[PDB]
Amino acid sequence: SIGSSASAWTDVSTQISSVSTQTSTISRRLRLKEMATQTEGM
Amino acid sequence: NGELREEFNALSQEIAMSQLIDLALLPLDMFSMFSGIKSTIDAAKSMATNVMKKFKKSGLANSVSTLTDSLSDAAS
Amino acid sequence: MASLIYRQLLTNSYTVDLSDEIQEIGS
Amino acid sequence: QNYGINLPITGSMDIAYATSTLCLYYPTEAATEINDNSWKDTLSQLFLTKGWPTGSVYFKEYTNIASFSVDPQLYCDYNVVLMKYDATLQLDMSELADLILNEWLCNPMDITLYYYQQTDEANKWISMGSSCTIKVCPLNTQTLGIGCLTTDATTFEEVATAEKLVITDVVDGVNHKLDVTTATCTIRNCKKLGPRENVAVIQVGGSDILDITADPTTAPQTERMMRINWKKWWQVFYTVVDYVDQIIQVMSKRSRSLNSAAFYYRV
Amino acid sequence: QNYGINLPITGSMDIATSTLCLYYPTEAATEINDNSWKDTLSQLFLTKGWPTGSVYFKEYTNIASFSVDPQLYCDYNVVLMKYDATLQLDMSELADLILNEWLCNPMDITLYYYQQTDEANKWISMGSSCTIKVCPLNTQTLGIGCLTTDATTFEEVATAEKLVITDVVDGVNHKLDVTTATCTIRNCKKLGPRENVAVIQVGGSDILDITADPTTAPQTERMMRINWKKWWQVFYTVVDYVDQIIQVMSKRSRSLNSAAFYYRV
Amino acid sequence: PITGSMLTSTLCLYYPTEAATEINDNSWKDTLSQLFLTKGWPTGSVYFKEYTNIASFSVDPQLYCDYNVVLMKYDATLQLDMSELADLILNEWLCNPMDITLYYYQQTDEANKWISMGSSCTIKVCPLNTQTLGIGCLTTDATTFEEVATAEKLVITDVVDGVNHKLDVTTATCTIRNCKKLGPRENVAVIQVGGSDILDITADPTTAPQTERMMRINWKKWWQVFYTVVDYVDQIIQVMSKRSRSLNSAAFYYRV
Amino acid sequence: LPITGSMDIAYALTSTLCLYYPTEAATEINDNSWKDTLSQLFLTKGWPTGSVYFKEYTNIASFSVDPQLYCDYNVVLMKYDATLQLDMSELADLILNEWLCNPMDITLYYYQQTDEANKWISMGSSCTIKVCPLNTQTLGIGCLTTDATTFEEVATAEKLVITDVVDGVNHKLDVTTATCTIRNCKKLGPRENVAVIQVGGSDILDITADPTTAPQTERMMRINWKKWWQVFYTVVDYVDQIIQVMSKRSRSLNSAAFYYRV
Amino acid sequence: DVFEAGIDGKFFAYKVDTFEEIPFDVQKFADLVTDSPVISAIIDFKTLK
């Protein structure tokens with residue numbers, strides 16, 4: 001768990017720099033929020 | 001080549017809370033509801049159809065129909 | 001939000017009629 | 001995961017707290033009185049409707065009660081066994097109830113040369129076979145005859161005759177010498193450890209007659225021995241089906257079978 | 001509940017009736033040429049310190065016969081095994097069967113296929129005559145090298161044996177064809193070592209592969225060899241050093257009933 | 001120097017002809033390849049090589065794959081042949097040809113051995129003194145020699161070091177070479193099918209240790225041992241390792 | 001993986017050689033020990049003894065049957081003629097390039113192309129390849145789905161065929177699956193372990209199906225001849241250049257085949 | 001505080017009133033992205049700056 005709780009959005013599932021891959025997987029999982037109408041932009 | 005009521009009611013004591021709130025934040029649709037459950041191709045043809053047919057005869061359906069009828073009648 | 005699943009459930013329900021028509025052909 | 005040594009546990013009294021196989025043993029009388037070969041699939045489907053996984057309910061058959069008692073089978077997760085009451089087979093009924101309702105940890109025996117004795121009411125002599133005829137002759141401290149000539153195997157007294165199963169007890173504190181033809185029967189020295197809750201017995205016909213412990217002071221009609229009336233075996237099968245959940249609630253999984261007791265006594 | 005295996009046990013680094021079986025072959029007793037040898041052995045054991053009525057003697061006709069429905073009676077077991085230069089596989093299989101604990105499942109080959117889960121699953125078949133033939137399959141239920149509906153081209157792994165241990169490469173299902181009229185096949189997994197037993201052999205050449213592992217043969221202190229010419233020498237030398245045998249093993253793995261394997265459903 | 005801080009594989013198998021005779025199949029190779037593919041070895045990488053007999057296969061051993069496993073059958077009457085085959089195919093022997101006509105060779109340490117390979121090698125040996133006079137043998141008469149091996153397919157001969165000896169061999173059916181042990185070969189693991197571990201890989205009698213590349217299992221049908229071998233490929237690979245030999249002489253090798 | 005070095009600091013055998021010759025050269029030389037002479041000449045040049053193997057082929061077509069070579073350094077002498085240039089080009093392109101193939105079947109499956117780096121290879125004794133395209137709804141255009149006579153010919157009486165058709169359309173193939181086997185292979189890149197020495201006249205050997213490209217790399221050589229020993233002497237005495245023009249294997253996923261790497 | 005992160009592997013933190021950078025912490029971003037509404041920023045951090 002990276003953060004304060006074990007949820008699916010922040011579950012990097014880190015394999016045994018680190019900021020790069022963690023941000024990469026967060027970004028890859030965040031795009032699906034656009035389907036869930038979780039945006040107030042464009 | 002029944003008991004499900006009791007089992008469903010008993011299973012409802014161990015779910016987490018933060019993940020529950022997270023899922024409640026993300027809306028669902030007609031695709032995500034059945035995309036996680038295995039299906040048989042013969043019966044998957046009529047799966048949304050049957051649930052919608054049974055849902056149009058639900059208590060909420062009667063409530064919403066009565067509210068609409070009362071609202072329209074109120075225009076007299 | 002997640003309640004939308006209810007709202008759609010009663011929304012497209014009318015389509016069942018079409019399927020029901022086909023069902024009567026298959027009945 | 002320290003299996004061996006018992007360790008005390010700790011809990012609470014206020015905090016909120018809180019698949020398998022099912023067998024069935026039935027007599028040949030029901031099979032002769034049902035007249036339907038495909039009944040097994042019917043019962044399996046009914047149990048599926050009750051909730052048990054299909055294709056996982058086993059069946060066993062036996063000729064008579066006495067012959068079934070010969071080397072009984074505990075190989076199951078929930079023994080539910082029916083027995084036809086007979087007005088002249090009471091002792092065999094009682095011995096079967098004793099043998100398939102308590103966990104008996106036994107030891108080997110060889111009576112042709114050795115002496116034997118007993119030390120507690122948990123000590124019993126159990127013989128199983130096709131023809132067992134027990135002869136018993138107690139002896140004095142100086143190894144001399146008491147009511148029997150030790151050099152002969154005839155002046156003894158027979159405590160059993162023409163039975164497949166037999167349970168015997170003698171007064172603790174004295175030695176005994178045993179005589180029986182071991183060709184068609186064997187015998188063990190066994191100690192009754194604890195109650196096995198992996199078996200249920202339901203009686204049909206008659207009244208309450210069972211006695212699970214040899215002590216005269218107690219005849220505990222506990223809640224693993226039932227009684228129902230019958231005139232059609234289909235009615236008995238249906239009645240058993242309708243309350244499988246209650247029987248499950250009464251019993252529980254075999255405690256010795258769980259991995260917890262992997263070093264006390266395996267199953 | 002669980003006998004308390006959860007809460008760890010902590011001590012201190014600086015802190016300060018029984019039964020014994022004896023298994024022997026029949027021809028050894030025949031070569032003894034006596035009728036009251038059991039009484040003499042009883043008296044010698046009493047002089048050692050065991051109470052009367054504690055040492056018991058059992059007979060098995062042959063290695064082939066004894067392996068059918070193996071039985072362990074006493075809290076301790078010291079079996080005497082004779083060696084033949086052609087029965088190495090059977091002796092090893094018997095040692096594995098009555099040397100380690102097992103948990104088995106019943107099998108019915110007329111309806112169900114079978115497979116393997118990991119490298120701790122073995123097949124055990126027992127009876128007066130067991131002939132086991134196998135035929136593996138591809139990833140789409142088609143026989144490879146054997147017609148799935150012909151009982152002639154199936155490869156053989158067992159024939160004319162009483163105790164057979166079988167293993168095949170995991171991850172692929174298989175179909176079994178055995179003469180079930182005189183045999184029964186069960187699926188078992190090994191849970192670890194059994195310390196209630198001990199095997200002593202006469203003759204031999206220290207050849208007992210107690211594990212199916214090809215890489216290693218971990219010889220332990222429960223399997224030993226003694227030379228022999230007359231069986232009374234072996235009996236005396238095994239009743240003389242009995243205390244070492246007792247110290248080697250322990251009496252805390254005794255099963256409930258005499259069965260080399262634990263049956264299930 | 002190095003400093004630190006605290007598929008591409010092949011699997012050849014050898015088997016006697018009687019194994020296939022018991023199998024009685026001309027398609028068993030396909031099924032074994034399918035099982036190896038399922039276990040996790042891509043197909044087309046497990047080559048099969050078959051020999052006739054231990055004595056016949058001893059001459060000119062070829063090792064194609066990077067991880068060779070050989071199933072050798074126990075021989076109660078030809079134990080020495082099995083031991084010599086294991087010693088030849090288990091250690092890195094560096095060899096060069098030798099002459100037998102007008103020269104005498106010798107040995108200097110335990111690593112120096114003599115290897116005779118041929119269809120029928122009846123090698124005869126006679127030591128010599130300082131004055132080129134033999135002890136119990138004549139410099140010309142062949143029968144005065146002392147026979148060390150007769151009617152043999154492969155012999156590993158060791159003589160005392162520091163003393164020269166004349167050797168008489170049947171060149172028309174054999175040849176001999178001088179070899180030195182420059183490393184323990186770690187690409188061959190011998191699985192003895194039967195027996196009681198009668199293999200010694202050192203001529204020195206004081207130490208005959210058993211390494212982890214020399215196993216032993218029991219057998220009654222070849223299919224059972226074959227299945228056991230195929231099932232435990234991971235452990236067998238883990239025991240062995242790659243090759244670090246210089247390979248001054250190039251021979252055939254198998255990949256792809 | 002990245003490589004880090006510098007450009008201002010002064011920074012600076014044990015291989016195998018295979019020579020491929022037609023059997024006509026062996027017939028013409030009329031000798032049996034010339035292999036020994038070549039081995040000793042190489043030893044004089046600076047190669048270790050017993051480190052050279054020679055492979056002989058009966059014919060160009062016969063050598064086109066699974067031409068997988070087994071040397072780290074390969075140079076093959078190719079016969080010259082003006083009536084078999086297509087098959088010579090096919091062999092040169094199959095040898096000089098690396099390929100990864102997949103099994104195929106014609107009586108059960110359909111096949112198509114999607115990238116120009118994928119072609120069809122059929123090898124064996126004789127391949128009578130015939131093919132016609134289909135439409136979206138699987139109807140033959142210029143052919144019938146079952147008639148084997150209306151199928152257009154693309155290969156007849158050929159021992160090794162490399163075919164390429166228009167991509168993006170399913171096709172149906174017909175051939176006798178007992179005399180030649182077909183595989184679907186992709187051109188992964190250049191195979192640097194081999195070289196072709198065309199002993200003859202002008203070169204037409206094309207190594208690509210693209211007309212607009214005529215790659216004449218440094219791994220293709222041409223020489224005229226009137227006696228075989230002249231060619232052999234020229235090859236042996238000039239190993240340095242023909243070796244430095246090539247390199248080692250660059251394969252990322254090696255194949256399963258015999259190799260001779262002493 | 002505004003935490004802007006992308007897919008290529010770069011992230012930034014700054015302030016709304018004045019455009020200057022502040023040190024970034026993974027914990028706060030991980031907590032926020034779980035529940036906070038995400039905004040599709042057409043004009044990214046470079047272009048905004």
# chains A, B, ... in the order shown; residues from 1 in each chain; ligands from 1
>>> residues_around(residues="residue 15 of chain A", least_positions_apart="5", cutoff="12 Å", atoms="only C-alpha atoms", output="ChimeraX atom specification")
/A:1,21-22
>>> write_last_selection(atoms="C-alpha atoms", output="short mmCIF file (atom, residue, chain, number, x, y, z; two decimals), in the first residue's frame")
data_model
loop_
_atom_site.label_atom_id
_atom_site.label_comp_id
_atom_site.auth_asym_id
_atom_site.auth_seq_id
_atom_site.Cartn_x
_atom_site.Cartn_y
_atom_site.Cartn_z
CA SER A 1 0.00 0.00 0.00
CA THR A 21 6.73 3.73 -11.75
CA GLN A 22 4.21 4.60 -9.02
#
>>> residues_around(residues="residue 33 of chain B", least_positions_apart="3", cutoff="12 Å", atoms="only C-alpha atoms", output="list in words")
residues 27, 28, 29, 30, 36, 37, 38, 47, 48 and 51 of chain B; 2, 4, 5, 6, 8 and 9 of chain C
>>> interface_residues(of="chain F", to="chain E", cutoff="7 Å", atoms="only C-alpha atoms", output="ChimeraX atom specification")
/F:27-28,31,196,215-221,223-224,227-228,230-231,236
>>> interface_residues(of="chain B", to="chain H", cutoff="12 Å", atoms="only C-alpha atoms", output="mmCIF file with C-alpha atoms, in the first residue's frame")
data_model
loop_
_atom_site.group_PDB
_atom_site.id
_atom_site.type_symbol
_atom_site.label_atom_id
_atom_site.label_comp_id
_atom_site.auth_asym_id
_atom_site.auth_seq_id
_atom_site.Cartn_x
_atom_site.Cartn_y
_atom_site.Cartn_z
ATOM 1 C CA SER B 18 -12.957 2.496 2.468
ATOM 2 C CA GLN B 19 -13.203 0.330 -0.650
ATOM 3 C CA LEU B 20 -16.995 0.433 -0.312
ATOM 4 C CA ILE B 21 -16.930 4.239 -0.375
ATOM 5 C CA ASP B 22 -14.476 4.190 -3.284
ATOM 6 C CA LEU B 23 -16.784 1.953 -5.317
ATOM 7 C CA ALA B 24 -19.785 4.105 -4.397
ATOM 8 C CA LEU B 25 -17.834 7.046 -5.831
ATOM 9 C CA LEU B 26 -17.486 5.373 -9.248
#
>>> closest_atom_pairs(of="chain A", to="chain B", cutoff="10 Å", atoms="only C-alpha atoms", output="tab-separated table")
residue	atom	partner	partner_atom	distance
A:5	CA	B:18	CA	7.8
A:6	CA	B:19	CA	8.1
A:7	CA	B:19	CA	5.7
A:8	CA	B:19	CA	7.6
A:9	CA	B:22	CA	8.6
A:33	CA	B:26	CA	7.7
A:35	CA	B:27	CA	9.1
A:36	CA	B:27	CA	5.7
A:37	CA	B:27	CA	7.9
A:38	CA	B:26	CA	7.4
>>> write_last_selection(atoms="N, CA, C and O atoms", output="PDB file, in the first residue's frame")
ATOM      1  N   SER A   5      -4.323   3.995   2.913  1.00  0.00           N
ATOM      2  CA  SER A   5      -5.197   2.837   3.007  1.00  0.00           C
ATOM      3  C   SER A   5      -4.989   1.943   1.795  1.00  0.00           C
ATOM      4  O   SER A   5      -4.457   2.367   0.766  1.00  0.00           O
ATOM      5  N   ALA A   6      -5.419   0.692   1.937  1.00  0.00           N
ATOM      6  CA  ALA A   6      -5.305  -0.303   0.877  1.00  0.00           C
ATOM      7  C   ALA A   6      -6.578  -0.280   0.037  1.00  0.00           C
ATOM      8  O   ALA A   6      -7.568  -0.933   0.380  1.00  0.00           O
ATOM      9  N   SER A   7      -6.549   0.468  -1.061  1.00  0.00           N
ATOM     10  CA  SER A   7      -7.654   0.504  -2.008  1.00  0.00           C
ATOM     11  C   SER A   7      -7.112   0.086  -3.369  1.00  0.00           C
ATOM     12  O   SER A   7      -5.917  -0.179  -3.526  1.00  0.00           O
ATOM     13  N   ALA A   8      -7.992   0.033  -4.366  1.00  0.00           N
ATOM     14  CA  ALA A   8      -7.598  -0.410  -5.697  1.00  0.00           C
ATOM     15  C   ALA A   8      -6.973   0.691  -6.538  1.00  0.00           C
ATOM     16  O   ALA A   8      -6.108   0.400  -7.369  1.00  0.00           O
ATOM     17  N   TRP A   9      -7.390   1.942  -6.348  1.00  0.00           N
ATOM     18  CA  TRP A   9      -6.843   3.024  -7.158  1.00  0.00           C
ATOM     19  C   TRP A   9      -5.375   3.277  -6.850  1.00  0.00           C
ATOM     20  O   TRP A   9      -4.581   3.498  -7.771  1.00  0.00           O
ATOM     21  N   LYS A  33     -11.181   6.748 -14.956  1.00  0.00           N
ATOM     22  CA  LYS A  33     -12.111   7.624 -14.251  1.00  0.00           C
ATOM     23  C   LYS A  33     -12.911   8.473 -15.230  1.00  0.00           C
ATOM     24  O   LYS A  33     -14.051   8.859 -14.940  1.00  0.00           O
ATOM     25  N   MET A  35     -14.332   7.578 -17.868  1.00  0.00           N
ATOM     26  CA  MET A  35     -15.563   6.864 -18.186  1.00  0.00           C
ATOM     27  C   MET A  35     -16.602   7.033 -17.086  1.00  0.00           C
ATOM     28  O   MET A  35     -17.804   7.081 -17.372  1.00  0.00           O
ATOM     29  N   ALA A  36     -16.162   7.135 -15.833  1.00  0.00           N
ATOM     30  CA  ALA A  36     -17.055   7.213 -14.689  1.00  0.00           C
ATOM     31  C   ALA A  36     -17.540   8.630 -14.408  1.00  0.00           C
ATOM     32  O   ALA A  36     -18.076   8.885 -13.324  1.00  0.00           O
ATOM     33  N   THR A  37     -17.359   9.553 -15.353  1.00  0.00           N
ATOM     34  CA  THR A  37     -17.853  10.926 -15.224  1.00  0.00           C
ATOM     35  C   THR A  37     -17.372  11.572 -13.927  1.00  0.00           C
ATOM     36  O   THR A  37     -18.108  12.304 -13.261  1.00  0.00           O
ATOM     37  N   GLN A  38     -16.122  11.297 -13.561  1.00  0.00           N
ATOM     38  CA  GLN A  38     -15.526  11.825 -12.337  1.00  0.00           C
ATOM     39  C   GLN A  38     -14.656  13.041 -12.623  1.00  0.00           C
ATOM     40  O   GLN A  38     -13.620  13.252 -11.987  1.00  0.00           O
TER      41      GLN A  38
END
